[PDB]
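Please read the structure below before turning to the comments.
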Amino acid sequence: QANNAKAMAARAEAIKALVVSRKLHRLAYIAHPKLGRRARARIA
Amino acid sequence: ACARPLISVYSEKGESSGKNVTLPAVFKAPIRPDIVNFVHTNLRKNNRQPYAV
Amino acid sequence: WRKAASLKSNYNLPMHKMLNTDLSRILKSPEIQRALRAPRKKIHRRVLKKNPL
Amino acid sequence: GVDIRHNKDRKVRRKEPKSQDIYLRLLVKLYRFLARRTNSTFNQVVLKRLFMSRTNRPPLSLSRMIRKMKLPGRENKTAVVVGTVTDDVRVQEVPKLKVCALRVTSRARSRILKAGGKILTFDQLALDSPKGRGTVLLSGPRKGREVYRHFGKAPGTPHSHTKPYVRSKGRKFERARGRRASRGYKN
Amino acid sequence: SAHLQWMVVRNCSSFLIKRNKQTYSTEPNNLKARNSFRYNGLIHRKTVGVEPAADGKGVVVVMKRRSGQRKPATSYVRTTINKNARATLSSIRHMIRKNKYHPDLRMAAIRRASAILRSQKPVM
Amino acid sequence: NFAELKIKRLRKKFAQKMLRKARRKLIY
Amino acid sequence: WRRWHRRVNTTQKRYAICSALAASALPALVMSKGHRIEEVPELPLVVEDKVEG
Amino acid sequence: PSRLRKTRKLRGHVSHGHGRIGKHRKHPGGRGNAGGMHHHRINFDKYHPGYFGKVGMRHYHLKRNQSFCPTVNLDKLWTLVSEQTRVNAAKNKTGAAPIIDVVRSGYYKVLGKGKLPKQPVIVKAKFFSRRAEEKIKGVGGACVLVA
Amino acid sequence: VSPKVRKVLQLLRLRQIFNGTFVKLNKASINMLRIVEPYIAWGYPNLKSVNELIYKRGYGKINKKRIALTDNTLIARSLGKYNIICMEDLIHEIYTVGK
Amino acid sequence: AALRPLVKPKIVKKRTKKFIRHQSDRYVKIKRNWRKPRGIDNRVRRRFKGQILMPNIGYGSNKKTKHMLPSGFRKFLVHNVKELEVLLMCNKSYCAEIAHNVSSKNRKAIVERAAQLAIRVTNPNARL
RNA sequence: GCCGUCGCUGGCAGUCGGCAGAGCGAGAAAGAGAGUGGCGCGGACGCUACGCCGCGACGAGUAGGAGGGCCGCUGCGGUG
Ligand SMILES: [Mg+2]
Ligand SMILES: [Mg+2]
Ligand SMILES: [Mg+2]
Ligand SMILES: [Mg+2]
Ligand SMILES: [Mg+2]
Ligand SMILES: [Mg+2]
Ligand SMILES: [Mg+2]
Ligand SMILES: [Mg+2]
Ligand SMILES: [Mg+2]
Ligand SMILES: [Mg+2]
């Protein structure tokens with residue numbers, strides 16, 4: 001328990017310190033139900 | 001399955017005698033046509049007479 | 001149900017497996033009707049395959 | 001012709017209760033609807049367990065139900081068993097339980113209620129837990145039957161602790177030859 | 001309950017007729033003589049029956065009241081209607097839709113009524 | 001008020017048609 | 001010495017008597033048994049104790 | 001009933017379900033348990049080890065009343081007395097323990113399986129197991145022997 | 001049919017006479033075709049053959065059923081996660097042996 | 001002028017000949033009622049060409065036109081006027097056949113009441 | 001095309017009607033959500049839920065096994 005508790009803090013401290021074609025792509029973007037929602041509004 | 005209304009008691013003239021009886025609990029018991037048919041089937045065999053050649 | 005039989009040494013009414021047998025009230029109740037997905041009552045019959053060529 | 005085998009085409013499983021009980025089938029009607037019209041896998045499990053046979057629905061004792069409802073994080077959850085809840089005399093203190101069962105023995109009913117608990121039927125679980133939320137589905141010991149003491153390696157094979165079928169138990173009944181080295185052999 | 005009572009009589013009833021790969025129910029207040037949960041005329045709290053009048057003129061509409069479910073003597077209210085053909089049907093339609101009394105039997109009641117009135121015309 | 005609700009339905013039916021329209025152009 | 005007779009558990013036989021009594025109080029079931037009870041005033045039909053004499 | 005049995009479905013099928021080759025002959029293999037040490041040896045050895053031979057002393061004129069000794073475990077001990085017997089003893093303060101007489105309940109020996117509630121009790125029995133007496137003594141009780 | 005040929009024909013899904021499938025070639029698969037050599041006619045199809053095989057006789061395995069490919073939504077609902085949303089994408093993934 | 005059903009679909013029969021039992025043409029003791037041949041060498045059982053045919057579920061009739069009389073109706077045996085009035089609401093698809101052993105007197109009531117209800121009777125001109 | 005079997009342990013209790021508002025087969029998670037502030041009186045069938053409906057595959061058979069028979073025979077309790 002002492003060793004496991006000790007290593008958890010040592011592990012956490014390190015982590016906390018450390019932290020095809022342009023046309024077809026465009027259409028595939030617009031046809032996407034979510035991302036092209038603002039673009040489809042534009043065309044209409 | 002918890003209602004126990006009052007049941008009329010009728011006079012011999014076919015009219016409500018004004019008296020009442022709460023419905024007995026037994027009339028709310030589960031209706032099991034298959035327990036009945038099992039029990040009837042096996043009990044009706046018990047008044048038979050043997051036959052043999 | 002509350003009082004055991006008095007003229008039978010040890011007996012009481014058989015317990016109910018299903019207390020509310022009104023299946024229509026149960027199904028139509030709001031509580032169950034909130035948990036259901038919308039019915040899919042559209043019929044998709046077989047499509048005759050026409051040759052695209 | 002198609003090179004295939006048909007011996008396994010027909011799946012062996014229950015689509016309905018063998019029982020002709022009308023109250024059970026009214027519950028199967030109820031949970032056939034809930035299983036179909038709700039995405040709750042719990043309803044499918046309960047719907048399936050209503051078709052099962054008597055030996056596939058072992059009785060759940062009070063002591064086993066108390067143990068499994070005491071595990072951490074199962075507080076105020078309704079214990080659900082598609083079967084019978086039998087009383088356990090070996091239990092001393094019965095905690096407040098909420099339970100749903102097909103049957104509860106007469107003594108198990110008094111102990112649960114006298115402790116302040118609540119006993120439900122399955123038609124009441126639907127009106128309270130339509131999708132089975134906040135439920136703890138529990139099952140009795142399936143292998144807790146005398147038959148399974150007789151299944152496995154035949155009793156006359158090495159390291160087989162299978163129970164033999166004897167008409168009587170005692171010194172004279174299947175203990176001489178094959179069960180001790182002094183008589184022929186043992187395994 | 002209806003569903004409990006239907007599970008006792010669905011295949012065991014003095015009114016049940018099984019013959020020629022068909023099935024019928026001969027009890028009163030069944031609008032189509034059909035061994036069906038919907039059209040059974042005994043198990044529901046609300047039922048609609050249409051019969052020819054005692055004399056071959058008009059129909060008798062039978063409605064089950066709400067209170068006396070266990071009291072057969074006073075459970076059914078019988079109304080005789082002997083108007084023209086279009087008025088007889090109009091009354092039944094209103095007796096069902098306006099009161100919201102078993103609305104799912106509206107056309108069965110109307111179809112049965114048209115058949116009794118038709119049978120009361122002179123034969124050719 | 002149903003008039004408010006109806007427009008919501010129509011703008012969704014128009015939205016699905018535009019998504020369908022753009023999908024046809026992509027496969028084209 | 002064919003086995004003409006059958007044992008039926010007392011608990012089940014009593015069950016079968018509760019099911020019969022419960023069913024006897026429902027007009028639909030008593031009608032469906034062929035009985036003409038279309039004009040009896042009530043179900044169950046209870047008459048005064050005078051008829052016992 | 002005979003209407004639900006195989007015979008009704010086997011009408012018209014020659015052999016009645018016993019095969020055309022082997023047929024149904026009278027007693028192939030012998031009658032009863034014939035052949036245990038012979039053509040039926042595998043079944044007996046496989047499924048009935050110990051069947052043949054003798055083991056242990058004979059005892060002429062065994063009287064099974066002499067060895068009557070029904071047993072009860074400790075986990076069932078408190079069922080031999082009413083419920084209010086236990087609750088009254090648990091809540092009283094003078095320290096008085098109830099007497100559980102297992103002979104009156106039809107038992108002679110007390111066995112040790114299970115655990116007892118933390119409640120003193122005086123137990124009367126003809127026999128005890130060693131673990132029964134320890135467990136009974138661990139809750140503040142005593143073991144009383146009767147003849 | 002011999003046991004080894006019978007297994008290999010089942011892996012190719014050719015359980016019936018005059019059944020057809022596409023097989024992407026490599027050491028693993030080319031040696032399988034050698035085992036079933038007396039039981040199969042095979043070769044290299046051209047773009048037209050892939051077209052007409054999939055348009056006239058193209059059926060999808062959708063929920064373990066044989067559904068004709070009468071709509072693009074059939075292909076998209078199953079192979080859409082791989083960017084295959086039309087019969088033309090399907091013909092390109094087959095003909096070019098895509099990822 | 002006879003009553004007509006709601007619809008009259010074309011009735012298709014896969015087979016109209018009866019299935020005569022094997023070798024029932026050779027003996028009077030063998031009635032033509034079908035019996036599945038079960039002899040080991042029986043060539044009818046083995047489905048040899050040019051031999052008697054065996055019935056099998058493949059011959060089944062279209063579920064839609066099954067049990068349909070050539071009139072387009074489906075019969076239903078009736079023994080009295082009360083049984084007749086169960087067909088009141090299905091009189092465009094089911095007709096009434098009066099049982100053989102109903103007295104000639106009572107056939108007048110059933111054949112009469114059926115006329116009133118527009119229910120078709122298969123055998124109205126019998127036992128006159 | 002039709003019959004049956006098997007599988008989808010597939011769909012239908014939503015017939016939610018003037019105390020009304022008809023949909024949820026659609027490539028791609030989860031609400032046709034709830035709000036707080038800045039004239040006619042009308043609308044087919046259905047659902048013996050052990051029922052009804054849909055879609056896909058399949059179907060040789062001795063010995064043998066199992067299922068269903070609104071197949072047939074005699075007598076008993078109910079019912080018609
Ligand atoms: Mg085939
Ligand atoms: Mg086979
Ligand atoms: Mg098999
Ligand atoms: Mg055979
Ligand atoms: Mg022989
Ligand atoms: Mg056999
Ligand atoms: Mg043999
Ligand atoms: Mg023998
Ligand atoms: Mg041969
Ligand atoms: Mg076959």
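How things are named: the first chain in the structure tokens is A, the next is B, and so on; residues count from 1 in each chain; ligands count from 1 in the order shown.
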
Shell of 12 Å around ligand 10 (only C-alpha atoms (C1' of nucleotides) and all ligand atoms), written as a list in words: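 Result of the 12 Å neighbour search around ligand 10: residues 6 and 7 of chain D; 56, 57 and 58 of chain J; 4, 5, 58, 59, 60 and 61 of chain K.
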
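The residues sitting within 8 Å of ligand 4, with only C-alpha atoms (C1' of nucleotides) and all ligand atoms considered, come out as residues 13 of chain H; 38 of chain J; 62, 63 and 64 of chain K.
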
Selection: 9 Å around region 50-57 of chain H, only C-alpha atoms (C1' of nucleotides), excl. self and same-chain fewer than 3 positions, as a PyMOL selection string: (chain D and resi 156+171-180+183+186) or (chain H and resi 36-37+44-45)

Identify, on the basis of only C-alpha atoms (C1' of nucleotides), every residue whose closest approach to region 2-8 of chain H does not exceed 10 Å; exclude the query and any residue fewer than 4 positions from it along the same chain; express the result as a list in words.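 Listed by chain and then number, they are residues 12, 16 and 17 of chain H.
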
Around ligand 9, at most 10 Å away and counting only C-alpha atoms (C1' of nucleotides) and all ligand atoms, which residues are there? Put them as a ChimeraX atom specification, please. /J:39-43,46 /K:62

Cut-off 10 Å, only C-alpha atoms (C1' of nucleotides) and all ligand atoms, neighbours of ligand 1 as a PDB file with N, CA, C and O atoms (P, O5', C5', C4', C3', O3' and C1' of nucleotides), in the first residue's frame:
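Output file pocket.pdb is given in full below:
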```
ATOM      1  N   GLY D   1     -27.920 -27.913 -56.727  1.00  0.00           N
ATOM      2  CA  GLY D   1     -27.839 -28.160 -55.263  1.00  0.00           C
ATOM      3  C   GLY D   1     -26.795 -27.306 -54.585  1.00  0.00           C
ATOM      4  O   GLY D   1     -25.780 -26.963 -55.183  1.00  0.00           O
ATOM      5  N   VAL D   2     -27.043 -26.964 -53.327  1.00  0.00           N
ATOM      6  CA  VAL D   2     -26.135 -26.149 -52.532  1.00  0.00           C
ATOM      7  C   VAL D   2     -25.491 -27.044 -51.491  1.00  0.00           C
ATOM      8  O   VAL D   2     -26.190 -27.715 -50.722  1.00  0.00           O
ATOM      9  N   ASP D   3     -24.167 -27.056 -51.463  1.00  0.00           N
ATOM     10  CA  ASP D   3     -23.422 -27.837 -50.484  1.00  0.00           C
ATOM     11  C   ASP D   3     -23.558 -27.175 -49.118  1.00  0.00           C
ATOM     12  O   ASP D   3     -22.818 -26.251 -48.783  1.00  0.00           O
TER      13      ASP D   3
ATOM     14  N   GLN I  16     -22.170 -23.582 -54.859  1.00  0.00           N
ATOM     15  CA  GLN I  16     -23.116 -24.033 -55.865  1.00  0.00           C
ATOM     16  C   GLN I  16     -22.484 -23.886 -57.237  1.00  0.00           C
ATOM     17  O   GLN I  16     -21.522 -23.141 -57.423  1.00  0.00           O
TER      18      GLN I  16
ATOM     19  P     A K  57     -33.284 -15.223 -51.351  1.00  0.00           P
ATOM     20  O5'   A K  57     -32.781 -16.515 -50.577  1.00  0.00           O
ATOM     21  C5'   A K  57     -31.398 -16.742 -50.355  1.00  0.00           C
ATOM     22  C4'   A K  57     -31.183 -17.763 -49.273  1.00  0.00           C
ATOM     23  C3'   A K  57     -31.572 -19.191 -49.621  1.00  0.00           C
ATOM     24  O3'   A K  57     -30.562 -19.888 -50.329  1.00  0.00           O
ATOM     25  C1'   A K  57     -32.543 -18.609 -47.562  1.00  0.00           C
ATOM     26  P     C K  58     -30.921 -20.762 -51.627  1.00  0.00           P
ATOM     27  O5'   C K  58     -31.465 -22.144 -51.052  1.00  0.00           O
ATOM     28  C5'   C K  58     -30.675 -22.962 -50.204  1.00  0.00           C
ATOM     29  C4'   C K  58     -31.524 -23.668 -49.182  1.00  0.00           C
ATOM     30  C3'   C K  58     -32.346 -24.840 -49.684  1.00  0.00           C
ATOM     31  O3'   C K  58     -31.588 -26.031 -49.755  1.00  0.00           O
ATOM     32  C1'   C K  58     -33.672 -23.457 -48.288  1.00  0.00           C
ATOM     33  P     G K  59     -32.205 -27.355 -50.413  1.00  0.00           P
ATOM     34  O5'   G K  59     -33.543 -27.622 -49.592  1.00  0.00           O
ATOM     35  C5'   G K  59     -33.567 -28.461 -48.439  1.00  0.00           C
ATOM     36  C4'   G K  59     -34.850 -29.250 -48.355  1.00  0.00           C
ATOM     37  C3'   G K  59     -35.073 -30.226 -49.502  1.00  0.00           C
ATOM     38  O3'   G K  59     -35.821 -31.348 -49.046  1.00  0.00           O
ATOM     39  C1'   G K  59     -36.792 -28.611 -49.505  1.00  0.00           C
TER      40        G K  59
END
```

Show me, as an MDAnalysis selection string, the residues of chain E whose atoms get within 8 Å of chain D, using only C-alpha atoms for the distance check. chainID E and resid 3:4 7:8

I need the chain B residues near chain D as a ChimeraX atom specification; criterion: at most 12 Å, counting only C-alpha atoms. /B:30-38

Hey, which residues come within 6 Å of ligand 5 if we count only C-alpha atoms (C1' of nucleotides) and all ligand atoms? Could you give them as a compact mmCIF listing (two decimals) with N, CA and C atoms, in the first residue's frame?
```txt
# COMPACT_ATOMS: atom_id res chain seq x y z
N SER H 15 -41.74 -52.80 -38.12
CA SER H 15 -40.71 -52.90 -37.08
C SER H 15 -41.09 -52.15 -35.82
N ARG H 20 -35.06 -53.02 -38.65
CA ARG H 20 -35.27 -54.15 -39.54
C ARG H 20 -34.19 -55.21 -39.39
N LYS H 23 -34.08 -56.24 -35.18
CA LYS H 23 -35.40 -56.71 -34.76
C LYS H 23 -35.56 -56.52 -33.26
```
